[PDB]
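Enquirer:
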Amino acid sequence: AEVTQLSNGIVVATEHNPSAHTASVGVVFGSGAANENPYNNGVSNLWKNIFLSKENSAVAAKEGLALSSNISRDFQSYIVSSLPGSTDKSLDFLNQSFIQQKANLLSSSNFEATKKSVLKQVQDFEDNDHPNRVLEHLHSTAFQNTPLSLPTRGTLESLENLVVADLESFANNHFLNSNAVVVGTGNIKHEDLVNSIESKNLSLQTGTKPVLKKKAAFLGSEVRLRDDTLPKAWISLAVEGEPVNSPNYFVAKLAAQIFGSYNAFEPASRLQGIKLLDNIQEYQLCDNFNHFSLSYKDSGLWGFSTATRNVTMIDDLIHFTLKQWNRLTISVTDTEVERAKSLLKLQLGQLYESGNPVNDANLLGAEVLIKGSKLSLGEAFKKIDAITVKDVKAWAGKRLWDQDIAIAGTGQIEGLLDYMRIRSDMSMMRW
Amino acid sequence: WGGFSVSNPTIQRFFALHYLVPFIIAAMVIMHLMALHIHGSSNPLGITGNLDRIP
Ligand code: HEM
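So the sequences go chain by chain: A and B.
Per my numbering, the first sequence starts with residue 7, numbered consecutively.
Per my numbering, the second sequence starts with residue 818, numbered consecutively.
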């Protein structure tokens, strides 16, 4: 439970844990899909793919190292996992790929083979992963003509028109030192890693800063991807949520826990202490749903996603769900809040403390890049337990009550009513 | 007429009937709306409205 972070020439962040069996090392840059353009959209995802290319991956496999990368909206990460003893050989492969081979990975035979793979990759996503496809379009319409609208995997049209030069241009503008953080998770000590880093000098493009842009903004709107050939309807609906480092960061996440997630086929899920379940189970309004409180640097999204085969009652699904959310402003109970606290801790714990260091790296990296530090799991619980019904009400009355929404859906959505009908349900009539 | 010409019997029965018919018209309007409901309204293009309806 130690969050150590020091700065020499580069900012080093680590979180050591005795028993772990393995150690993960990697660099996390403060720029992701939110930094791209509509035309070079997908460059970051492309970088990730060559970094994991058969060539670069085989070089690490001989050495007994495993590679992992993750492209997000606000950040980007390249991670190498190793045994606690080879904590130095991971750094050799890291530097060898970001300075030495930052020209060998970009060969005309490797690039074309990779491009052909991310194309079949992004295509497969759009053709079959409907729930994530819908969630991606939700960001697209909610944050249209703004940084958060760009999809992480990039679009097919911007991808196929991408060249080696675009990779370089992005790398020379974002893979900078002032826009990076070296992260180490597993079991290795902070002093053990910082020494191996401060050993090898050479700045390489120091003092250089990444380009600036315009602030992200939420726009109440919708995108309907109707497709009657699909056997279900997948929808996602949300309001402007909370950005990371917001006073209500936790109040929002708790609010989403109150309604939680559901799976009609799992006996135990049908028994949860969620009032909404009394309404949706009678006629089986859906196969599943899940609420979320997505947070990013400039903004976020609070809402839910759902999947259903009850195509003639989608209006009841949306109506009952929105009536429940109305409650947060006027009648949420003490016990609902308390149930949420307990469940929020359990989920927040299971995330922050998993038996996998690669997840730890992403969580640590993403946090330190935005606030310059990481809030300890024990510190979070103190904030969570401090939330009162009055807090949730004040939050809901500002973020949910009579506020614009963003909608996205695909499949048999003929039954999903017009925007104004959904929007009207964001409140209730009163004397 | 109820007699040799338009007289008292005539006007009294016409008032009674004037009061009645509006209610028969009301019943006919319901039958009119029932027939309207099974196929819905038409539109200015003269073609199907099934591809884009709003509440
Ligand atoms: C008291 C009299 C009447 C009432 C209350 C009434 C009411 C209605 C209503 C509510 C509609 C739907 C909205 C509209 O299209 O305007 C409708 C449709 C229609 N009515 Fe009437 N109506 C009346 C008399 C008549 C008469 C006299 C005719 C013809 C001789 C008629 C022919 C139609 C037709 C054909 C439609 C369908 C229009 C379309 O969808 O294209 N109605 N009426």
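In this text, a Cβ means the ideal position worked out from N, Cα and C, and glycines have one as well.
Taking 8 Å as the line, does the beta carbon of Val-846 (chain B) fall inside it for any heavy atom of the ligand HEM?
Expert: As a working note, residue 846 (chain B) is residue 29 in the second sequence. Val-846 (chain B) Cβ: within cutoff of the ligand HEM.
Enquirer: Please list the terminal residues of the continuous alpha helix (DSSP H) segment that includes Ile-77 (chain A).
Expert: Residue numbering aside, residue 77 (chain A) sits at position 71 when the first sequence is read from its first letter. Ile-77 (chain A) -> not in any alpha helix (DSSP H); beta strand (DSSP E) instead, spanning 72 to 77.
Enquirer: Are the CB atoms of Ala-367 (chain A) and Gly-91 (chain A) within a distance shorter than 9 Å?
Expert: Residue numbering aside, residue 91 (chain A) sits at position 85 when the first sequence is read from its first letter. Residue numbering aside, residue 367 (chain A) sits at position 361 when the first sequence is read from its first letter. No, they are not a contact pair.
Enquirer: If contact is defined by three or more beta carbon pairs under 8 Å, each pair taking one atom from either stretch, is the stretch 27 to 35 of chain A in contact with the stretch 180 to 198 of chain A?
Expert: yes
Enquirer: So, for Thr-235 (chain A): in the same chain, excluding its five sequence neighbours on each side, which residues have a beta-carbon less than 7 Å away from its beta-carbon?
Expert: Your numbering for residue 235 (chain A) matches position 229 in the first sequence. If we look at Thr-235 (chain A) and ignore the five residues flanking it on each side, it has no Cβ neighbours.
Enquirer: Taking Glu-344 (chain A) as the reference, give the member of A:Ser-113, A:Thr-152 and A:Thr-394 with the closest Cα.
Expert: Reading the first sequence from its first residue, position 338 is the one you call residue 344 (chain A). Looking at the Cα atoms, A:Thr-394 is the closest of the given residues.
Enquirer: Could you check where the beta strand (DSSP E) with residue 440 (chain A) kicks off and where it finishes?
Expert: Because chain A is modelled from 7 through 437, residue 440 (chain A) falls outside the range shown and cannot be assessed.
Enquirer: Would you mind working out which of A:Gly-417, A:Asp-410, A:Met-434 and A:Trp-437 sits nearest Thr-147 (chain A), comparing C-alpha positions?
Expert: The count along the first sequence starts at 1 and reaches residue 147 (chain A) at position 141. That would be A:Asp-410, whose Cα lies nearest to the Cα of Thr-147 (chain A).
Enquirer: Give the straight-line distance between the Cα atoms of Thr-158 (chain A) and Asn-51 (chain A), rounded to the nearest whole angstrom.
Expert: In the first sequence, counting from the first residue as 1, residue 158 (chain A) sits at position 152. In the first sequence, counting from the first residue as 1, residue 51 (chain A) sits at position 45. Taking the straight line from one Cα to the other gives about 7 Å.
Enquirer: Output the residue ranges of the alpha helix (DSSP H) runs that lie fully inside the stretch 30 to 86 of chain A and measure 4 residues or longer, sorted by chain position.
Expert: 49 to 57 and 60 to 68
Enquirer: When DSSP builds the beta bridges, which residues end up paired with residue 446 (chain A)?
Expert: An answer regarding residue 446 (chain A) cannot be provided, because it is not within the stretch 7 to 437 covered by chain A.
Enquirer: Residue range of the alpha helix (DSSP H) that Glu-8 (chain A) falls in?
Expert: As a working mapping, residue 8 (chain A) is identified with position 2 in the first sequence. No alpha helix (DSSP H) holds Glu-8 (chain A); DSSP gives it neither H nor E.
Enquirer: With DSSP as the reference, identify every bridge partner of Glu-385 (chain A), one or two as the case may be.
Expert: Position 379 of the first sequence holds residue 385 (chain A). Per the DSSP secondary-structure output, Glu-385 (chain A) pairs with nothing in a beta bridge.
Enquirer: What's the call for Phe-271 (chain A), buried or exposed, on a 16-neighbour Cβ count within 10 Å?
Expert: For this step, residue 271 (chain A) is matched to residue 265 along the first sequence. Under this definition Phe-271 (chain A) is an exposed residue.
Enquirer: Starting from the Cα of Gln-418 (chain A), find the closest Cα among A:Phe-149, A:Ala-239 and A:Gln-107 and give me that residue.
Expert: Position 412 of the first sequence, counted from the start, is the residue given in the question as residue 418 (chain A). Cα-wise, what sits closest to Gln-418 (chain A) is A:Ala-239.
Enquirer: Would you kindly check if the distance between the Cβ of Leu-231 (chain A) and the Cβ of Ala-414 (chain A) is under 9 Å?
Expert: Within the first sequence, the letter at position 408 stands for residue 414 (chain A). Within the first sequence, the letter at position 225 stands for residue 231 (chain A). Yes.
Enquirer: Smallest Cα separation from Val-124 (chain A): which of A:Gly-306, A:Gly-384, A:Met-319 and A:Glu-163?
Expert: To locate residue 124 (chain A), count along the first sequence from 1; it is residue 118. That would be A:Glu-163, whose Cα lies nearest to the Cα of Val-124 (chain A).
Enquirer: Quick check on the DSSP output: the alpha helix (DSSP H) that includes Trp-308 (chain A) runs from which residue to which?
Expert: In the first sequence, counting from the first residue as 1, residue 308 (chain A) sits at position 302. Premise fails: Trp-308 (chain A) lies in the beta strand (DSSP E), 306 to 314, not in any alpha helix (DSSP H).
Enquirer: Hey, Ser-299 (chain A) and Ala-262 (chain A): beta-carbon distance below 9 Å or not?
Expert: Taking the first sequence and counting its residues from 1, one reaches residue 299 (chain A) at position 293. Taking the first sequence and counting its residues from 1, one reaches residue 262 (chain A) at position 256. The answer is yes: Cβ separation under 9 Å.
Enquirer: By Cβ distance below 8 Å, which residues in the same chain neighbour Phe-326 (chain A) in space, the five residues on each side in sequence not counted?
Expert: As a position in the first sequence, residue 326 (chain A) is number 320, starting the count at 1. Cβ within range, chain order: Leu-282, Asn-285, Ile-286 and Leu-291.
Enquirer: For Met-434 (chain A) and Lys-329 (chain A), I'd like the C-alpha separation in whole angstroms.
Expert: Reading the first sequence from its first residue, position 428 is the one you call residue 434 (chain A). Reading the first sequence from its first residue, position 323 is the one you call residue 329 (chain A). Each residue's alpha carbon lies about 8 Å from the other.
Enquirer: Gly-247 (chain A) and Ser-301 (chain A): beta carbons closer than 9 Å?
Expert: Taking the first residue of the first sequence as position 1, residue 247 (chain A) is located at position 241. Taking the first residue of the first sequence as position 1, residue 301 (chain A) is located at position 295. In contact: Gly-247 (chain A) and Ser-301 (chain A) (Cβ atoms closer than 9 Å).
Enquirer: Closer than 8 Å by C-beta to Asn-296 (chain A): which residues in its own chain qualify, once you throw out the five before and the five after it? Chain order, please.
Expert: For the purposes of this step, residue 296 (chain A) is taken as the residue at position 290 of the first sequence. The beta carbon of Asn-296 (chain A) sits closer than 8 Å to the beta carbons of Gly-266, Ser-267, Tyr-268, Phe-310, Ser-311 and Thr-312 from its chain, once the five residues preceding and following it are set aside; these are given in chain order.
Enquirer: Would you give the residue range spanned by the alpha helix (DSSP H) that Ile-241 (chain A) belongs to?
Expert: Here residue 241 (chain A) is taken as the residue at index 235 of the first sequence, counted from 1. Here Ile-241 (chain A) belongs to no alpha helix (DSSP H); instead the beta strand (DSSP E) covers 239 to 246.
Enquirer: Could you spell out where the alpha helix (DSSP H) holding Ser-348 (chain A) opens and where it closes?
Expert: Locating residue 348 (chain A) in the first sequence gives position 342, where the first residue counts as 1. Its alpha helix (DSSP H) spans residues 340 to 358.
Enquirer: Does the Cβ of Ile-280 (chain A) lie closer than 8 Å to at least one heavy atom of the ligand HEM?
Expert: As a position in the first sequence, residue 280 (chain A) is number 274, starting the count at 1. No, the beta carbon of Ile-280 (chain A) sits no closer than 8 Å to any heavy atom of the ligand HEM.
Enquirer: What residues match up with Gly-190 (chain A) in a beta bridge as DSSP calls it?
Expert: Taking the first sequence and counting its residues from 1, the one referred to as residue 190 (chain A) is at position 184. Per DSSP, A:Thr-20 and A:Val-31.
Enquirer: Kindly give me the distance between the Cβ atoms of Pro-153 (chain A) and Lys-54 (chain A), rounded to whole angstroms, as I take these residues to be in contact under 8 Å.
Expert: In the first sequence, residue 153 (chain A) corresponds to position 147, counting from 1. In the first sequence, residue 54 (chain A) corresponds to position 48, counting from 1. Not confirmed; about 19 Å, so no contact.
Enquirer: Leaving out five residues on either side along the sequence, give the residues of the same chain with a beta carbon under 8 Å from the beta carbon of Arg-830 (chain B).
Expert: Along the second sequence, one-based indexing puts residue 830 (chain B) at 13. Excluding residues within five positions, the ones whose Cβ falls inside 8 Å are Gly-819.
Enquirer: Just list the residues that DSSP pairs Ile-828 (chain B) with in beta bridges.
Expert: As a working note, residue 828 (chain B) is residue 11 in the second sequence. Looking at the DSSP assignment, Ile-828 (chain B) forms no beta bridge with any residue, so it has no partner.
Enquirer: Residue range of the alpha helix (DSSP H) that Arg-232 (chain A) falls in?
Expert: The sequence position of residue 232 (chain A) within the first sequence is 226, counting from 1. Where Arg-232 (chain A) is concerned, there is no enclosing alpha helix (DSSP H), although the beta strand (DSSP E) it sits in stretches over 227 to 232.
Enquirer: Please identify the residue among A:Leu-334, A:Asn-254 and A:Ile-241 whose C-alpha is closest to the C-alpha of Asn-294 (chain A).
Expert: Position 288 of the first sequence, counting from 1, holds the residue named residue 294 (chain A). It is A:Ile-241 whose Cα lies nearest to the Cα of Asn-294 (chain A).
Enquirer: Hey, would you say the C-beta of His-835 (chain B) is under 8 Å away from at least one heavy atom of the ligand HEM?
Expert: As a first step, residue 835 (chain B) is located in the second sequence; it is residue number 18 there, counting from the start. No, Cβ of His-835 (chain B) sits at least 8 Å from all heavy atoms of the ligand HEM.
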